[PDB]
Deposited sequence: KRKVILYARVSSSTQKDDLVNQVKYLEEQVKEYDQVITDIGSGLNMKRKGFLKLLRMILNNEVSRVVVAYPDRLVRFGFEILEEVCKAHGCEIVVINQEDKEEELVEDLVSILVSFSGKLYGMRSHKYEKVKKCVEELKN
């Protein structure tokens, strides 16, 4: 089984941020098999590293996953993961922005916004004002 360090940053503009997150995970843990990283949101369910990991846990390749701090793994659904790891011989370890929340918030509105334009809902107008302000 394996010990995996999982690190993520929101933006490719944060690539510098990501390595430091890796060094930090590396300094805290000196017996780790594998490193996994992604650039993107914890919303993105297509994230390559994250997927390879999720299957690795399911494949039982993983004893432990270490996250530099919370919500590195996903934005929503940690409960599901906790369960998935809890029945897969797996411990989830956490050592410890607004913008990342805020950005994550905007996307959700936009994502919900497609559905609202699809329903021709009167609410679509309200979501659009909300978002533009949020980016304001």
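Chemist: Which deposited-sequence positions, grouped into ranges, are missing C-alpha coordinates?
Modeler: Those stretches are 1, 98-100, listed in order.
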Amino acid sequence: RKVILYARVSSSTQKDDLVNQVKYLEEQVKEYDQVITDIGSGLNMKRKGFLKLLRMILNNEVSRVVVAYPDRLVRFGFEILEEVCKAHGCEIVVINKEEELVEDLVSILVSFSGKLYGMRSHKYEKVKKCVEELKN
From here on, numbers count along this sequence of modelled residues.
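Chemist: Please work out which of 69-77 and 38-46 has the higher mean CA B-factor as recorded in the PDB entry.
Modeler: On average, C-alpha B-factors are higher across 69-77.
Chemist: Which is higher on average in the deposited entry, the C-alpha temperature factors of 105-113 or of 26-34?
Modeler: Per the deposited B-factors, the answer is 26-34.
Chemist: Check where residue 20 lands among this chain's C-alpha B-factors and tell me if it's the lowest, middle or highest third.
Modeler: Middle third of the chain for residue 20's C-alpha B-factor.
Chemist: Please place residue 51 in the lowest, middle or highest third of its chain according to the CA B-factor in the PDB entry.
Modeler: Residue 51: CA B-factor falls in the lowest third of its chain.
Chemist: Sorting the chain's CA B-factors, does residue 131 end up in the lowest, middle or highest third?
Modeler: According to the entry, residue 131 has a C-alpha B-factor in the chain's highest third.
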